[PDB]
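K.L.:
Chains as they are written, first to last, in the authors' numbering: chain AE, 52 to 101; chain K, 10 to 165; chain U, 1 to 82; chain R, 2 to 88, 91 to 124; chain J, 2 to 206; chain N, 2 to 130.
Take this structure first; my questions come after.
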RNA sequence: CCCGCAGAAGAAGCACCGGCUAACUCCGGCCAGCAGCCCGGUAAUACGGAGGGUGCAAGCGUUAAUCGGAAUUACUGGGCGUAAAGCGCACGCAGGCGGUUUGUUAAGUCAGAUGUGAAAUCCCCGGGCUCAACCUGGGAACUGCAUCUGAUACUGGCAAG
Ligand SMILES: [Zn+2]
């Protein structure tokens with residue numbers, strides 16, 4: 052849910068180094084946050100500490 | 010980490026008693042987006058193997074370079090056997106200006122902002138060799154300061 | 001003789017005059033000795049549509065020159081603008 | 002190559018001749034077809050290539066290839082020509100649809116290039 | 002003077018989502034976004050050096066909706082100007098009135114924005130500007146006029162924009178329906194996927 | 002016959018550096034000598050020494066760093082068949098300035114950058130790099 | 001120029017898709033046909049047609065013509081053993097070049113200044129047409145020429161070596 056309890060921008064992307072919605076499907080720009088996603092771009096265990 | 014660009018492929022032939030036996034040649038090159046660069050020229054009956062061979066060759070026999078922030082350290086020429094090459098550091102934003110295989114060598118080399126033309130033959134192989142030459146010959150301001158026994162500020 | 005007159009130097013329906021000192025016989029927009037100001041008839045507000053280099057005018061008249069009526073009108077306006 | 006030699010006798014610009022002199026720098030020119038006929042191509046082709054000798058307006062006599070499948074052309078037939086050589092001794096192209104030249108029949112592609120009208124349907 | 006055909010086809014050809022449809026419904030549902038258009042879509046051989054550059058150029062042009070001559074002119078202008086050539090070009094593209102409007106969120110798509118601009122809906126500094134190519138300057142407020150303020154489409158567009166995150170280089174008010182073009186955008190603010198350099202190279206043939 | 006001794010000097014330097022000769026020697030001249038001054042002043046050479054009364058003999062002592070020569074390149078620019086005069090605003094840079102270009106000016110001989118600072122052009126004798 | 005009315009209404013073509021070179025399939029016999037340079041003889045992505053597609057767009061194409069690419073006259077910027085390219089060999093006027101040191105001059109040369117270098121055009125910074133084109137203020141430049149004052153390293157000249 053964007054943006055509910057289990058958000059994207061507030062915490063992180065479900066998938067590792069992926070915008071959950073759609074951009075960055077390789078290992079080049081880890082961090083960009085486009086208008087279509089309102090999502091960070093890090094590890095799968097990054098949400099466990101945030 | 011390392012990226013890699015298959016520049017060119019070419020079919021080549023051997024005449025024998027029976028007929029024409031075709032093999033293939035693969036000119037690839039690689040760079041880490043920094044000074045290091047290296048090119049591979051492989052051959053095989055079939056393309057996939059030839060290119061894999063070149064990727065191997067390039068991975069090794071690499072060569073380091075001194076790259077001012079995103080560009081060169083000065084205007085240079087570099088030549089191989091028919092392909093003489095003139096590159097000139099170019100302002101941020103300008104992008105890599107170059108025609109073809111040279112574009113690729115630069116692209117993997119990590120340089121970003123150049124003006125490059127090629128005098129003479131355009132044989133991909135020779136001209137990429139000339140690029141690597143003109144990149145290897147190049148010296149950085151600290152390195153001149155060293156050769157000459159001086160402070161960099163002395164040289165500005 | 002040498003007259004102080006206008007030169008239409010602008011665009012269609014949007015004249016923009018340059019006042020100039022030039023010999024009479026020369027064409028309107030032709031050979032001019034010199035340019036002493038300008039006139040913008042179609043000048044918008046808060047801009048100076050008109051500007052005149054008065055001494056250079058004042059020199060030439062003493063040199064014995066003729067002044068287009070409009071140019072005279074424009075000088076007066078400035079003296080009265082003043 | 003010496004500076005002084007160039008001084009003495011400077012470099013000479015290679016004058017290329019026009020390959021369509023009969024046009025004499027006219028994009029086209031009118032003519033009358035003294036004779037229409039066909040001719041055979043130099044090895045390795047095989048055709049009965051339609052062609053016509055044309056006496057021009059200006060007074061040059063030449064021969065003109067004929068594009069398209071089927072023309073109407075005859076002798077004493079007033080035509081226009083545009084240029085363009087066919088790969091012998093032929094350098095010039097008949098503009099279909101001009102002054103006596105019909106347009107090709109039953110063509111629907113490149114209708115311009117043979118002077119054919121848009122179809123109505 | 003405009004591309005009037007299928008929008009998603011273009012996107013398909015490009016490879017990416019060009020944002021040629023509002024974004025209510027996801028692009029994967031509307032069309033086979035991965036597959037290229039036409040009978041020979043599934044076949045995808047690696048393109049040439051020239052070809053990739055051309056494709057890139059098309060993408061950018063498609064995104065903004067700028068035909069070729071205009072694009073060329075823009076490029077030339079960028080070249081003339083001081084600074085990074087490609088980024089200058091990008092900035093110029095952004096600066097277009099319609100694009101600005103779209104960014105603000107008064108148009109669902111860029112096309113919509115353009116249409117709005119055409120139809121004398123938008124004002125720039127309280128003066129009705131009708132040209133989509135109008136280069137909006139820094140500190141130039143741009144608003145919907147009182148006649149076009151009642152339109153249901155505008156509010157929808159705004160809503161859509163809201164779902165999408167905002168650009169830093171603007172400042173827009175949903176109630177007032179007026180946005181201030183604060184500054185010309187930095188390259189970092191724009192999308193990273195656009196290889197401006199390729200475009201530059203293409204014109205530097 | 003000898004048409005340019007400045008040329009001869011530069012060639013001799015080139016070849017000594019090429020051949021791994023410690024020093025090199027040749028007939029002495031004033032311009033030659035001020036050039037040697039210069040080069041020392043820019044640390045491409047270890048030292049020059051003129052010797053002789055009548056036909057004195059200049060001797061440059063070459064320089065080697067990490068084995069390889071230190072004058073990477075040296076090339077004349079003006080020459081008797083073609084002279085090369087420049088205005089201060091027109092002064093080149095050698096190697097994007099990592100090098101030098103010897104120049105004569107009305108205030109003696111000196112490198113390009115010193116000339117710039119001084120604010121006056123002249124005769125570009127040679128580039129060194 | 002502004003205000004009112006009605007209703008998507010009245011408004012999209014050209015060229016190409018063998019490679020160069022963006023764009024691919026089906027249907028029709030070295031003919032008919034294409035073509036800028038390098039296809040067609042029965043499975044033609046190259047001829048014609050359909051389909052699909054590509055790129056431009058109120059235009060699109062051909063033809064004509066200039067510069068480019070062409071460093072393919074190479075001043076910048078080429079060459080001549082075998083690819084084109086060293087006179088068959090010599091002397092030698094004109095002519096070009098000119099070892100080294102001192103003195104002078106200032107011609108070339110550099111520096112500074114005066115005069116000019118129409119306007120317009122180009123470009124930089126501005127303004128005005130709803131924008132652009134367009135108009136338009138101010139600069140800059142016009143690389144140059146003449147005249148003055150200087151510098152003297154070089155080249156040159158004059159005098160001595
Ligand atoms: Zn994303």
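Backbone N, C-alpha and C define an ideal beta-carbon position, used for all residues, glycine too.
Hey, is residue 83 of chain K's beta-carbon within less than 8 angstroms of any beta-carbon in chain N?
P.N.:
Chain N contact via Cβ: present.
K.L.:
Less than 8 angstroms separating the beta-carbons of residue 37 of chain U and residue 51 of chain U?
P.N.:
It is a contact, given that the beta carbons lie within the stated cut-off.
K.L.:
For residue 182 of chain J, which beta-bridge partners are listed by DSSP?
P.N.:
In DSSP, residue 182 of chain J forms a bridge with J:141, J:171.
K.L.:
Within the region 58 to 106 of chain J, note down every full alpha helix (DSSP H) run reaching 4 residues or more, in order along the chain.
P.N.:
Within the region 58 to 106 of chain J, the complete alpha helix (DSSP H) runs of at least 4 residues are 69 to 81, 86 to 96, 98 to 105.
K.L.:
Kindly list the residues whose CB is nearer than 8 angstroms to the CB of residue 100 of chain J, restricted to its own chain and excluding five residues on each side of it in sequence; keep chain order.
P.N.:
Cβ within range, chain order: 65, 94, 111, 114.
K.L.:
Classify residue 105 of chain J as buried or exposed, calling it buried when 16 or more other Cβ atoms lie within 10 Å of its own Cβ.
P.N.:
Buried: at least 16 other Cβ atoms inside 10 Å.
K.L.:
Enumerate in chain order the residues of its own chain whose CB-to-CB distance from residue 11 of chain K is below 6 angstroms, with the five nearest sequence positions on each side excluded.
P.N.:
Same-chain partners within the cutoff: 39, 41.
K.L.:
So which residues of chain AE does residue 165 of chain J contact, with C-beta pairs closer than 7 angstroms?
P.N.:
The answer, in chain order, is 86, 87.
K.L.:
Locate the beta strand (DSSP E) running through residue 16 of chain K, then write down its first and last residues.
P.N.:
First-last of the beta strand (DSSP E) with residue 16 of chain K: 12 to 24.
K.L.:
Does any CB atom of chain J fall closer than 8 angstroms to the CB of residue 105 of chain K?
P.N.:
Chain J, which has a Cβ nearer than 8 angstroms to the Cβ of residue 105 of chain K, makes this yes.
K.L.:
For residue 49 of chain J, does the three-state DSSP call read helix, strand or coil?
P.N.:
In this structure, residue 49 of chain J counts as coil in the three-state DSSP scheme.
K.L.:
Would a check of beta-carbon distances place residue 92 of chain AE closer than 8 angstroms to chain J?
P.N.:
Cβ-Cβ to chain J under 8 angstroms: no for residue 92 of chain AE.
K.L.:
Chain J partners of residue 83 of chain AE, CB-CB under 7 angstroms?
P.N.:
193, listed in chain order.
K.L.:
Hey, is residue 157 of chain K's beta-carbon within less than 8 angstroms of any beta-carbon in chain N?
P.N.:
So, interface residue.
K.L.:
Assuming residue 152 of chain K is part of the alpha helix (DSSP H), what are its boundary residues?
P.N.:
Here the alpha helix (DSSP H) through residue 152 of chain K covers 150 to 157.
K.L.:
With DSSP as the reference, label residue 142 of chain K as helix, strand or coil.
P.N.:
Three-state DSSP puts residue 142 of chain K in a helix.
K.L.:
Spatial neighbours of residue 89 of chain J within its chain, please: CB distance less than 6 angstroms, with the 5 preceding and 5 following residues excluded, ordered by chain position.
P.N.:
Result list for residue 89 of chain J: 79, 82, in chain order.
K.L.:
How big is the Cα-Cα spacing for residue 48 of chain N and residue 133 of chain K?
P.N.:
Whole-angstrom Cα-Cα distance: 46 angstroms.
K.L.:
Considering residue 89 of chain K, what are the terminal residues of the alpha helix (DSSP H) in which it resides?
P.N.:
Where residue 89 of chain K is concerned, there is no enclosing alpha helix (DSSP H), although the beta strand (DSSP E) it sits in stretches over 85 to 89.
K.L.:
Please list the partners that residue 109 of chain K has in chain J, where partner means a Cβ-to-Cβ separation under 9 angstroms.
P.N.:
Residues of chain J passing the Cβ test: 50.
K.L.:
Below 7 angstroms, is the gap between the Cβ of residue 74 of chain AE and the nearest heavy atom of ligand 1?
P.N.:
Yes, the Cβ of residue 74 of chain AE comes within 7 angstroms of a heavy atom of ligand 1.
K.L.:
Is the distance from the Cβ of residue 68 of chain AE to the Cβ of residue 81 of chain AE below 8 angstroms?
P.N.:
Cβ atoms of residue 68 of chain AE and residue 81 of chain AE: closer than 8 angstroms.
K.L.:
What ranges does the alpha helix (DSSP H) occupy inside the region 43 to 81 of chain K, keeping only unbroken runs of at least 4 residues that lie completely in it?
P.N.:
Taking only runs of at least 4 residues, the alpha helix (DSSP H) segments lying wholly in the region 43 to 81 of chain K are 56 to 68.
K.L.:
Measure the alpha-carbon distance for residue 137 of chain K versus residue 114 of chain K and round it to whole angstroms.
P.N.:
The alpha-carbon atoms of residue 137 of chain K and residue 114 of chain K are separated by roughly 7 angstroms.
K.L.:
Based on the DSSP output, what are the partners of residue 95 of chain R in its beta bridges?
P.N.:
Partner(s): R:65.
K.L.:
Roughly how many angstroms lie between the CA atoms of residue 66 of chain AE and residue 27 of chain K, to the nearest whole one?
P.N.:
Looking at the two C-alpha atoms, the distance is approximately 58 angstroms.
K.L.:
Quick one: is the Cβ of residue 88 of chain AE within less than 7 angstroms of any heavy atom of ligand 1?
P.N.:
Residue 88 of chain AE Cβ: within cutoff of ligand 1.
K.L.:
Alpha helix (DSSP H) containing residue 10 of chain N: first to last residue?
P.N.:
Unbroken alpha helix (DSSP H) run through residue 10 of chain N: 6 to 20.
K.L.:
Would you verify that the beta carbon of residue 88 of chain J is, or is not, closer than 8 angstroms to some beta carbon of chain K?
P.N.:
By this cut-off, residue 88 of chain J is an interface position.
K.L.:
Can you check whether the C-beta of residue 41 of chain J is within less than 8 angstroms of a C-beta belonging to chain K?
P.N.:
No, residue 41 of chain J does not count as interfacial toward chain K.
K.L.:
Identify which residue in J:39, J:46, J:54, J:109 has its Cα closest to the Cα of residue 23 of chain J.
P.N.:
Of J:39, J:46, J:54, J:109, the residue nearest in Cα terms is J:109.
K.L.:
Nearer than 7 angstroms: is that true of the beta carbon of residue 32 of chain J relative to any heavy atom of ligand 1?
P.N.:
For ligand 1, not one heavy atom lies less than 7 angstroms from the Cβ of residue 32 of chain J.
K.L.:
Can you give me the C-alpha to C-alpha distance between residue 121 of chain N and residue 91 of chain N, rounded to a whole angstrom?
P.N.:
So the alpha carbons of these two residues sit roughly 10 angstroms apart.
K.L.:
When you compare only the Cα positions, how much space is there between residue 56 of chain U and residue 11 of chain U?
P.N.:
Each residue's Cα considered, the two are about 27 angstroms apart.
K.L.:
Taking contact to mean at least 3 C-beta pairs separated by less than 8 angstroms, is the region 22 to 35 of chain N in contact with the region 50 to 63 of chain N?
P.N.:
As far as the Cβ criterion goes, the region 22 to 35 of chain N touches the region 50 to 63 of chain N, which means the pair count is three or higher.
K.L.:
Can you find a CB in chain K that lies within less than 8 angstroms of the CB of residue 205 of chain J?
P.N.:
Output row for residue 205 of chain J: interface = yes.
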